[PDB]
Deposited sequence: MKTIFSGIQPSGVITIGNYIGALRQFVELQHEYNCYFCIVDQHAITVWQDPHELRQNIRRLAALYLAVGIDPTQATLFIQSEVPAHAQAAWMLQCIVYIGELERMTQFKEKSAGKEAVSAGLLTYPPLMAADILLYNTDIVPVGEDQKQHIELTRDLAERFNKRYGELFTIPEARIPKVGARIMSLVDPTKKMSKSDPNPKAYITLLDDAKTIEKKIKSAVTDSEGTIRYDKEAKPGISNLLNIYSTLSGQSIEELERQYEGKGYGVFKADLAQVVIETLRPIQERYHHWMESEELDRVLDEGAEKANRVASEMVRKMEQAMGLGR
């Protein structure tokens, strides 16, 4: 089976990145890494960090990520990551690092950690956007550079969101992508948003439902299963008011089961057990790579 690696630091994420994973995970060997070591490249409150790792894990599970199916782990719990990362920072060039479009040295040297994340698992696909295209080009060069010197250890990874989905825009600025990092909470809808916020958020000159309206349609159709033409027919003479009233219900219906599970997980001692399994599985596959890598460089014995 092919290998997929996703490193994770809104309904736009569910719909673009996170949704097709609940089933893709059945046809692929999937890894969902919570990159907490990448997160400290910037200022964190230890309490929020620790607590943000938890919710994320519980959310991926609440969404349908199956731990029997996929490997969901926390990056720092697999030391092979920081190990392979060091070896790769020894083969990478500063020039390469500074040329990175995107001060603590972590802001500069994190690219080799992201490459280690990927290369450790002999991954084939990396479900990332164009914003990470440069990071992938680089981990692909690093793999090639190492495979040529020491002989082939790595699969050269490819940048793909297999079965990718509609791009979700902001509710305040439909020319802007939906981002949880938005200063206006009204711009996005969070997977944990309560029925009432969703409604209010959805509620806030031409008047025709035909493909901001184009964003509400993309949201409506992916979430309801209907085609944009179905809905264009459905609302042929209808106003934005009832369309929105309808759309707010399909969003609440989607997030309800999700939110109900997120809470069971957050309360379950099974959450900690699922992450323990995932790091064991990962440490195993990763630990093996690290020693094949050292074997090749002449490290230790």
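Chemist: Numbering from 1, run down the deposited sequence and write out every stretch that has no C-alpha in the structure.
Modeler: According to the record, the gaps fall at 10-14, 108-117, 220-223, 231-236.
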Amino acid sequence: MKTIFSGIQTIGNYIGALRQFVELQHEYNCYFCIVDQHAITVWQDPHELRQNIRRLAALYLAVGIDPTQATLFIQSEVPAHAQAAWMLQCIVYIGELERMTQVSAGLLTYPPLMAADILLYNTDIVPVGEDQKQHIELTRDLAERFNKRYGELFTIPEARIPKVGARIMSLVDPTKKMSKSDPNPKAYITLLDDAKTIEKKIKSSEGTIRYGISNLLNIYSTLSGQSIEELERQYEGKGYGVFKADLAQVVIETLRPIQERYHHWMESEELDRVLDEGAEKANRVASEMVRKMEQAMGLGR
From here on, numbers count along this sequence of modelled residues.
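The term rigid core refers to the most C-alpha atoms you can superpose between the two forms while keeping them within 1.5 Å.
Chemist: To spell it out: superpose each other structure in 9 other deposited structures of this protein onto this one by the rigid core, compute Cα RMS over structures and residues for 86-94 and for 190-198. Which is larger?
Modeler: More C-alpha displacement in 9 other deposited structures of this protein shows up in 190-198.
Chemist: How do 272-280 and 255-263 compare in 9 other deposited structures of this protein: which one has C-alphas farther from this form after the rigid core is matched?
Modeler: Larger mean C-alpha displacement, comparing 272-280 and 255-263 in 9 other deposited structures of this protein, is found in 255-263.
Chemist: If you average the CA temperature factors as listed in the entry, which stretch comes out higher, 180-188 or 77-85?
Modeler: In the deposited entry, the stretch with the higher C-alpha B-factor mean is 180-188.
Chemist: Taking only the CA atoms, which stretch has the higher mean B-factor in the record, 229-237 or 51-59?
Modeler: Mean C-alpha B-factor is greater for 229-237.
Chemist: Checking the entry, which one of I219, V103, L120, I202 has the top C-alpha B factor?
Modeler: Most elevated C-alpha B-factor of the set, per the entry: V103.
Chemist: Ranking every modelled residue in this chain by its Cα temperature factor as given in the entry, which third contains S268?
Modeler: Tercile = highest for this residue's CA B-factor.
Chemist: Could you say whether, by C-alpha temperature factor, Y28 belongs to the lowest, middle or highest third of its chain?
Modeler: Tercile = highest for this residue's CA B-factor.
Chemist: Ranking the modelled residues of this chain by C-alpha B-factor as given in the entry, is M1 in the lowest, middle or highest third?
Modeler: For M1, the deposited C-alpha B-factor lands in the highest third.
Chemist: Based on the deposited C-alpha B factors for this chain, I'd like to know if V164 is in the lowest, middle or highest third.
Modeler: For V164, whose C-alpha B-factor we compare with every modelled residue in the chain, the answer is the highest third.
Chemist: Please say which third, lowest, middle or highest, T254 falls into when its CA temperature factor is compared across its chain.
Modeler: Tercile = middle for this residue's CA B-factor.
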